[PDB]
Amino acid sequence: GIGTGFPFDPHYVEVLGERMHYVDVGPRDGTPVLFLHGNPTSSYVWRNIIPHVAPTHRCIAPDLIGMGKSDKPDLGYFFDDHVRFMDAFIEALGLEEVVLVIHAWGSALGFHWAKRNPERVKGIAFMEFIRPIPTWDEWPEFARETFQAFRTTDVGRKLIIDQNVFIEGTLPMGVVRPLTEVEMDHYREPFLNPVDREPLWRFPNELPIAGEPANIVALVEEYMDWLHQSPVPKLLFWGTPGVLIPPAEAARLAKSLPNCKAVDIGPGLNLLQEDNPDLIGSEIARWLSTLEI
Ligand SMILES: CN(C)c1ccc2c(-c3cc(C(=O)NCCOCCOCCCCCCCl)ccc3C(=O)O)c3ccc(=[N+](C)C)cc-3oc2c1
Ligand SMILES: [Cl-]
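Residues numbered from 1 in each chain as written, not as in the entry; some residues may be left out. Chains lettered and ligands numbered in written order. Heavy atoms only, no water.

Enquirer: Before we go on, may I ask you to explain unusual backbone geometry in this structure?
Expert: Trans is the common state for peptide bonds, and a negative phi is the common state for residues other than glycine. Cis geometry marks the peptide bond from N39 to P40; its omega dihedral reads 0 degrees. Along the chain, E212 connects to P213 via a cis peptide bond; the corresponding omega equals -10 degrees. Note that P213 resides in the loop between α8 (198–206) and α9 (214–227). A positive phi angle, near 65 degrees, is found at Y77, a position not held by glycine. By secondary structure assignment, the location of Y77 is in the loop between β4 (59–62) and α2 (79–92). (Helix = DSSP H or I, 4+ residues; strand = E, 2+ residues; numbered from the N terminus.)

Laid out in structure tokens, this is it:
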């Protein structure tokens, strides 16, 4: 079955006075592949995809500040905080040019870095990614009341911080196949203490929905503007029925974005890595071999 373990040797690097954990495997020469997780996951989400890429390319998978095995400073965990820590992480590792593999909130981080540093990005593989949601009618109806609730300091904090709903409920609702107890426990591990759940609550409060927050909407519009014009090689994974990227939309996006190939993963919602890791990892490895890296 789909693997549940996390065998990777831990690595830590000091970034802005705090430690960030990261997976680092594969050959030391060549162009590295940087994997960026989102909410409420960690590098664990890449555990079954990296084994297809690591034979031929270095794979680096950080845990975002406040998540995974990374330290937990008392921040707001705004998107800007993740930007500062990820920018510093990339420079601390001395990375020059990279290929990005990104998902969901990791996709906003990755696209925003790539737009600012296009000479250092040799390709982007992405899935169930963040674009502006113009009105609440474009948010998936089955998750609309909950995300509206999450975006409050009363009910949203009760749900996400006190009751851990993002881990116990939203995470499984983003995977078609059933998650095992061992997998759930890996996802729960960084957040056993409620107070550490701050990033899980700030993230949905940052989503660019109905114009709000305006600073995030502007930033995401900007990287989308770039992505529709840039010749950067693109690999878009999508699933059925999907969540943010449904099949008919994925096909339209791939034909509109330059130098984009789209790959059907089969059944999927948001966390496509949990529904078909072997296809995602084997397609990434094949696509890397086509790049000038
Ligand atoms: C302990 N306690 C107080 C709760 C409360 C609620 C649940 C829910 C649940 C959750 C939602 C819920 O999250 N909607 C949102 C779904 O969004 C999925 C789509 O992806 C969004 C991606 C966004 C991407 C952004 C970056 Cl691109 C709604 C209502 C309830 C409910 O049952 O009231 C559970 C639901 C499932 C579940 N299992 C399958 C084991 C367990 C649950 O255990 C709860 C415990
Ligand atoms: Cl979120």
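Read on for the rest.
Enquirer: What's the story with the UniProt feature "domain: AB hydrolase-1" in the protein in this structure? I'm lost.
Expert: Annotation from UniProt places "domain: AB hydrolase-1" at residues 32–156. Between the C-alpha atoms that bound residues 32–156 the distance is 38 Å, and the span itself is 32% helix and 18% strand. (UniProt positions renumbered as here; feature names shortened; annotations may be inferred.)

Enquirer: Mind showing me how you'd approach the pattern of salt bridges here?
Expert: Two side chains bearing opposite charge may form a pair once their charged atoms approach each other closely. Enumeration over the complete set of coordinates arrives at 21 salt bridges. Ionic pairing is found between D80 and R84, a salt bridge with its closest N-O pair at 3.9 Å. Of this pair, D80 and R84 both sit in helix α2, 4 residues apart, which is roughly one turn of that helix. A residue is classified by how much of its surface remains accessible, and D80, at 46% relative accessible area, is partly exposed. A salt bridge links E198 to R157; its shortest N-O distance comes to 2.9 Å. With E198 in helix α8 and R157 in helix α5 (residues 155–162), this pair connects stretches of sequence that are 41 residues apart. Bridged by salt links that share partners, the residues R47, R177, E183 and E274 form one connected network. (Salt bridge = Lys/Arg side-chain N within 4 Å of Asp/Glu carboxyl O. Buried < 20%, exposed > 50% of the residue type's maximum accessible area, 1.4 Å probe, protein only.)

Enquirer: Quick question: what am I supposed to make of the sheet that holds strand β7 (residues 234–241) here?
Expert: Spatially, the 8 strands line up as an open sheet ordered β1-β2-β4-β3-β5-β6-β7-β8, and their pairing is mixed. Edge strands, defined here as strands with exactly one partner in the open sheet, are β1 (11–15) and β8 (260–268). Ignoring which end each strand starts from, the neighbouring axes of this sheet average 20 degrees apart. Both strand β2 (residues 18–25) and β4 contribute to a ladder of 4 bridges, which runs antiparallel. (Pairing = 2+ DSSP bridges. Axes fitted to C-alpha atoms, helices over the stretch in contact; angles between N-to-C directions.)

Enquirer: Please clarify how the packing of aromatic side chains should be interpreted in this entry.
Expert: When we look at a pair of aromatic rings, we describe it by the centre distance and by the angle of the planes. Counted under the stated rule, the structure contains 16 aromatic pairs. Both rings, one in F6 and one in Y44, keep their centres 6.1 Å apart while their planes meet at 40 degrees; by these two values the pair is tilted. On the criterion of sequence distance, the pair formed by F6 in the segment before β1 and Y44 in the loop between β3 (33–36) and α1 (50–53) is long-range, its members being 38 residues apart. Of the two residues, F6 and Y44, both sit in the buried class. Of the aromatic side chains, those joined through ring pairs into one cluster are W136, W139, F147, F150 and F166. The ring centre of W201 lies 4.7 Å from the NZ or CZ of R157, which sits over that ring. (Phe/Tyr/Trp six-rings, centres within 6.5 Å; stacked < 30°, edge-to-face > 60°. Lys NZ or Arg CZ within 6 Å of the ring centre and 35° of its normal.)

Enquirer: What is the right way to read the layout of surface pockets from this model?
Expert: Regions of empty space are outlined by a rolling probe, equal in size to a water molecule, passed over the atoms. There is about 540 Å³ of room inside the largest pocket. Along its surface, the largest pocket is lined by 31 residues, and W139, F147, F166, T170 and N270 are the ones closest to its centre. Among the secondary structure elements, those contributing two or more residues to the lining of the largest pocket are α3 (104–116), α4 (144–150), α6 (165–173) and α8. A total of 5 residues in the lining of the largest pocket trace back to one element, the largest contributor, which is α6. (1 Å grid on protein atoms, 1.4 Å probe; cavity = no way out; pocket = protein on both sides within 12 Å on 5 of 7 lines; lining within 4 Å. Points joined across faces, edges and corners; volume = space filled by probe spheres on them.)

Enquirer: Sorry, what's going on with the site of ligand 1 here?
Expert: Near ligand 1 lie 18 residues; those nearest to it are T146, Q163, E168, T170 and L244. Separating an oxygen atom of ligand 1 from a side-chain N or O atom of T170 is a distance of 2.8 Å. Put simply, the parts of the chain that give the shell around ligand 1 at least two residues each are α3, α4 and α6. The greatest single-element share of the shell around ligand 1, amounting to 6 residues, is contributed by α6. Residue classes in the shell around ligand 1 are distributed as 12 nonpolar, 5 polar and 1 charged. (Near = heavy atom within 4 Å. Polar contact = N/O pair within 3.5 Å; in protein donor to acceptor, adjacent residues only side chain to side chain. Nonpolar A, V, L, I, M, F, W, Y, C, P; charged D, E, K, R; others polar.)

Enquirer: I would appreciate a short explanation of the nonpolar core in the present structure.
Expert: As a rule of thumb, nonpolar side chains are buried together in soluble globular proteins. Membership of the largest hydrophobic core comes to 70 residues, with the highest contact counts inside it found for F89, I124, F126 and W139. Counting residues per element, this core draws most heavily on α9, which supplies 7 residues. If you look at the next biggest cluster of nonpolar residues, it comprises 34 residues, including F6, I50, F237 and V263. (Core = buried A, V, L, I, M, F, W, Y, C linked by side-chain atoms within 4.5 Å.)

Enquirer: What's the story with α5 in this structure? I'm lost.
Expert: Because each turn of an α-helix spans 3.6 residues, side chains separated by three or four positions in sequence point in the same direction. Where α5 is concerned, the buried positions are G156, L159, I160 and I161. The buried residues of α5 occupy one face: seen down the axis, they fall within an arc of 165 degrees. Tucked inside the fold, the buried residues of α5 contact α4, α6 and α8. Backbone geometry just downstream of α5 places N164 in the positive-phi region, at approximately 65 degrees. (Arc of directions from axis to C-beta. Contact = heavy atoms within 4.5 Å.)

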